Structure formats: C-alpha cells, structure tokens
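Student: Contents are compact mmCIF, C-alpha atoms; file name model-v4.txt:
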# COMPACT_ATOMS: atom_id res chain seq x y z
CA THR Z 24 5.22 -7.49 31.19
CA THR Z 25 7.93 -4.85 30.52
CA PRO Z 26 7.45 -1.60 28.51
CA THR Z 27 6.63 -2.37 24.88
CA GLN Z 28 5.24 -0.35 21.91
CA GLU Z 29 2.01 -1.17 20.02
CA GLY Z 30 2.91 -2.09 16.41
CA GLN Z 31 2.61 0.35 13.45
CA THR Z 32 -0.37 -1.23 11.62
CA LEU Z 33 -0.19 -1.29 7.83
CA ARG Z 34 -2.81 1.46 7.61
CA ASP Z 35 -0.83 3.65 10.02
CA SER Z 36 2.46 2.94 8.24
CA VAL Z 37 1.09 4.40 4.99
CA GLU Z 38 -0.64 7.42 6.59
CA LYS Z 39 2.49 8.57 8.42
CA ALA Z 40 4.82 7.59 5.56
CA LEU Z 41 2.72 9.51 3.05
CA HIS Z 42 2.20 12.44 5.43
CA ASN Z 43 5.96 12.84 5.78
CA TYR Z 44 6.23 12.83 1.96
CA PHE Z 45 3.76 15.70 1.64
CA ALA Z 46 6.13 17.82 3.77
CA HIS Z 47 9.43 17.33 1.89
CA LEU Z 48 7.53 18.31 -1.26
CA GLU Z 49 5.95 21.59 -0.03
CA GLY Z 50 4.55 22.40 -3.52
CA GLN Z 51 6.22 20.97 -6.68
CA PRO Z 52 4.60 19.16 -9.70
CA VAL Z 53 3.94 15.53 -8.68
CA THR Z 54 1.63 13.36 -10.78
CA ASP Z 55 0.97 9.61 -10.87
CA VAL Z 56 1.01 9.45 -7.09
CA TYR Z 57 -1.47 6.57 -7.07
CA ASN Z 58 0.61 4.53 -9.51
CA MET Z 59 3.89 5.34 -7.76
CA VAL Z 60 2.53 4.49 -4.30
CA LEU Z 61 0.67 1.39 -5.47
CA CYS Z 62 3.92 0.23 -7.07
CA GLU Z 63 5.89 0.49 -3.82
CA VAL Z 64 3.14 -1.49 -2.10
CA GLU Z 65 2.50 -3.93 -4.94
CA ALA Z 66 6.10 -5.06 -5.41
CA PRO Z 67 6.96 -6.04 -1.80
CA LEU Z 68 3.39 -7.35 -1.49
CA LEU Z 69 3.81 -9.59 -4.56
CA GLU Z 70 7.27 -10.92 -3.68
CA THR Z 71 6.62 -11.46 0.04
CA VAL Z 72 3.67 -13.71 -0.76
CA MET Z 73 5.77 -15.65 -3.25
CA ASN Z 74 8.14 -16.65 -0.46
CA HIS Z 75 5.47 -17.92 1.94
CA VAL Z 76 4.14 -20.35 -0.68
CA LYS Z 77 7.64 -20.94 -2.12
CA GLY Z 78 6.66 -19.52 -5.51
CA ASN Z 79 3.86 -22.05 -6.00
CA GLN Z 80 1.79 -19.54 -7.97
CA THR Z 81 -1.35 -21.67 -7.72
CA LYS Z 82 -1.29 -21.19 -3.95
CA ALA Z 83 -0.11 -17.59 -4.30
CA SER Z 84 -3.34 -16.83 -6.15
CA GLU Z 85 -5.67 -18.30 -3.52
CA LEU Z 86 -4.02 -16.07 -0.88
CA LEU Z 87 -4.59 -12.72 -2.59
CA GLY Z 88 -7.98 -13.95 -3.75
CA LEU Z 89 -6.78 -13.32 -7.31
CA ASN Z 90 -6.84 -15.33 -10.51
CA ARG Z 91 -3.77 -17.09 -11.88
CA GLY Z 92 -3.78 -15.00 -15.06
CA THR Z 93 -4.38 -11.76 -13.16
CA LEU Z 94 -1.75 -12.86 -10.65
CA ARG Z 95 0.82 -13.77 -13.29
CA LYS Z 96 -0.13 -10.58 -15.13
CA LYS Z 97 0.97 -8.37 -12.23
CA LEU Z 98 3.67 -10.94 -11.39
CA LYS Z 99 5.11 -10.57 -14.91
CA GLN Z 100 5.13 -6.80 -14.41
CA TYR Z 101 7.91 -7.32 -11.82
CA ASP Z 102 9.76 -10.69 -11.94
CA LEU Z 103 8.27 -13.69 -13.84
CA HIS V 22 20.32 15.23 9.35
CA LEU V 23 19.39 13.50 12.62
CA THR V 24 22.70 13.14 14.44
CA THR V 25 20.71 12.53 17.62
CA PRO V 26 19.38 9.17 18.90
CA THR V 27 16.81 8.53 16.12
CA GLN V 28 15.99 5.35 14.14
CA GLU V 29 15.79 4.88 10.34
CA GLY V 30 12.41 5.76 8.86
CA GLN V 31 10.55 2.71 7.57
CA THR V 32 10.48 3.37 3.84
CA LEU V 33 6.96 2.47 2.75
CA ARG V 34 8.15 -0.55 0.76
CA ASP V 35 10.01 -1.86 3.82
CA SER V 36 6.87 -1.31 5.90
CA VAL V 37 4.94 -3.54 3.50
CA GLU V 38 7.66 -6.20 3.79
CA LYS V 39 7.54 -6.34 7.57
CA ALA V 40 3.76 -6.19 8.01
CA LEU V 41 3.36 -9.20 5.67
CA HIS V 42 6.26 -11.27 6.98
CA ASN V 43 4.64 -10.57 10.33
CA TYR V 44 1.15 -11.19 8.96
CA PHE V 45 1.92 -14.52 7.30
CA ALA V 46 4.01 -15.81 10.20
CA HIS V 47 0.90 -15.73 12.40
CA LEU V 48 -1.22 -17.45 9.73
CA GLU V 49 1.34 -19.94 8.26
CA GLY V 50 -1.18 -22.71 7.32
CA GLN V 51 -4.64 -21.11 7.63
CA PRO V 52 -6.71 -20.51 4.43
CA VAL V 53 -6.53 -16.75 4.02
CA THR V 54 -8.10 -15.05 0.99
CA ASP V 55 -8.68 -11.53 -0.34
CA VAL V 56 -5.29 -10.27 0.78
CA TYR V 57 -5.11 -8.14 -2.35
CA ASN V 58 -8.31 -6.22 -1.60
CA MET V 59 -7.46 -6.30 2.09
CA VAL V 60 -3.97 -4.75 1.59
CA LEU V 61 -5.14 -2.50 -1.24
CA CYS V 62 -8.05 -1.20 0.85
CA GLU V 63 -5.59 -0.54 3.68
CA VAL V 64 -3.32 1.54 1.40
CA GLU V 65 -5.84 3.32 -0.77
CA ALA V 66 -7.80 4.35 2.43
CA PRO V 67 -4.99 6.53 3.94
CA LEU V 68 -3.72 7.47 0.47
CA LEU V 69 -7.01 9.10 -0.48
CA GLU V 70 -7.63 10.86 2.85
CA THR V 71 -4.02 12.05 3.13
CA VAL V 72 -4.12 13.59 -0.34
CA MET V 73 -7.73 14.73 0.16
CA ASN V 74 -6.40 17.14 2.80
CA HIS V 75 -3.32 18.44 1.02
CA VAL V 76 -5.74 20.27 -1.29
CA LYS V 77 -8.80 20.48 0.97
CA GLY V 78 -11.65 18.63 -0.71
CA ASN V 79 -10.78 19.90 -4.20
CA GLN V 80 -11.27 16.55 -5.91
CA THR V 81 -10.22 18.18 -9.17
CA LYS V 82 -6.74 18.81 -7.79
CA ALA V 83 -6.75 15.38 -6.14
CA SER V 84 -6.97 13.71 -9.54
CA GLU V 85 -4.20 15.96 -10.89
CA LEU V 86 -1.82 14.66 -8.19
CA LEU V 87 -2.93 11.03 -7.89
CA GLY V 88 -3.27 10.71 -11.66
CA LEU V 89 -6.82 9.39 -11.93
CA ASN V 90 -9.82 10.76 -13.76
CA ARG V 91 -12.51 12.42 -11.64
CA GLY V 92 -14.48 9.18 -12.04
CA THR V 93 -12.02 6.58 -10.89
CA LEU V 94 -11.05 8.91 -8.03
CA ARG V 95 -14.67 9.46 -7.06
CA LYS V 96 -15.97 5.88 -7.00
CA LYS V 97 -12.75 5.02 -5.15
CA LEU V 98 -13.04 8.04 -2.84
CA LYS V 99 -16.30 6.58 -1.54
CA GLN V 100 -15.19 2.93 -1.50
CA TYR V 101 -13.24 3.89 1.67
CA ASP V 102 -16.10 6.25 2.81
CA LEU V 103 -14.85 9.74 1.86
CA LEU V 104 -17.55 10.67 -0.75
For the structure just supplied, provide its representation as structure tokens.

Tutor:
Amino acid sequence: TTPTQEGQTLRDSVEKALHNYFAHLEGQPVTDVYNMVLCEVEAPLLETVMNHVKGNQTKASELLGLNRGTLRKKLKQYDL
Amino acid sequence: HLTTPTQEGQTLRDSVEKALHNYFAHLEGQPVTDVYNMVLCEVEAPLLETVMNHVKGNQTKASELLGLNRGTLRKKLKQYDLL
C-alpha cells in the first residue's frame, strides 16, 4: 500500500552487474569471461540449492533437472 | 568512493544467493525442475547481449573475451535469440 520497489529479477541483476563491469575495465585483456561469470553464478546456485533440500543430493538433482553424476560432478568441483 | 547516501552494490554472486533464497522460499514443497537451464538461460542471455555490444556484433572478438570458439558462441548466441 506504501511506496515499494519492484525486485531486481535475476536477468536484470546480471545485465546491470555485467554492464558495470564493462565500465571499470575500459579496455584491458580479459579472457575466460564466460567461465568466470558462470563460476560466480554456479557456486552460489549449487550451494543455495543444497540448503533447501538439506544436502539430500537425490532431491538436489531433481530440482536442477540434472543427473546425480552430473550434479555431483559440478558439486565436486566446489565442495563435495 | 561514494561517501553519499548510497547502498552496497549486489555483487553478482550475492545476487544469485538472494534470488534463489527468494525463489525457493515461494516454492518450498512444489516439484520444480530445470532450474539449471532456467538459471543458466537467465545468465547466458544478458551475458551474451551485454558482451555482444561491447564490441558491436564482432562475434570474433566476442569469443576472444568470453573464451569460447566461434561455434560454441554461435549456437549459444542464437539459443537466446541473438543470431
């Protein structure tokens, strides 16, 4: 009923977070942007889902629509 | 820096934390699937377009920044409709 903002949607959070990163660079060699960015999304993504199902990795997999192996593969890339 | 009423900039990783805490809180219990594609497709989408403007359509230079080959970039570039 009072004044209230919208809610930075995940798509808009990236877009404006990236955009502000392509201004503090202003021309300098930067490679592996996809792997760097995916990493900073894939870690929090992976470990936030592991809370909600309390680490039950069988239920973690059904959420992301992944496979247990594929899940535990990326899972093992961060923290067992 | 900003010594003027200004908040702390959501570092991208933090932004992923909050949007999923918030996401899952409103779905605690409902069978949700394909969150990996769904999040990925919501990160790759801006990521491609945002870079695809830093160098103005030059896909060759897009792959030199992103770090993909002109064939993973391309088939991805059009997954999120940027051919």

Student: What are the closest atom pairs, with distances in Å to one decimal, for each residue of segment 23-85 of chain V lying within 12 Å of segment 50-53 of chain Z, using all atoms listed in the file, rows by chain and rising residue number, as a tab-separated table?

Tutor:
residue	atom	partner	partner_atom	distance
V:72	CA	Z:53	CA	11.8
V:75	CA	Z:50	CA	9.9
V:76	CA	Z:50	CA	10.7
V:82	CA	Z:53	CA	11.2
V:83	CA	Z:53	CA	11.0
V:84	CA	Z:53	CA	11.1
V:85	CA	Z:53	CA	8.4

Student: When the cut-off is 6 Å and we count all atoms listed in the file, which residues of chain Z are near chain V, given as a VMD selection string?

Tutor: chain Z and resid 34 38 53 to 57 63 to 64 67 86 to 88

Student: Please compute the atom CA of residue 85 of chain Z-atom CA of residue 43 of chain V distance, one decimal, in Å.

Tutor: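 Distance reported for this atom pair: 18.9 Å.
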
Student: Taking (-15.7, 16.0, -9.1) in the file's coordinates, which residues come within 9 Å, counting only C-alpha atoms, written as a list in words?

Tutor: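 Selection result: residues 79, 80, 81, 91, 92, 94 and 95 of chain V.
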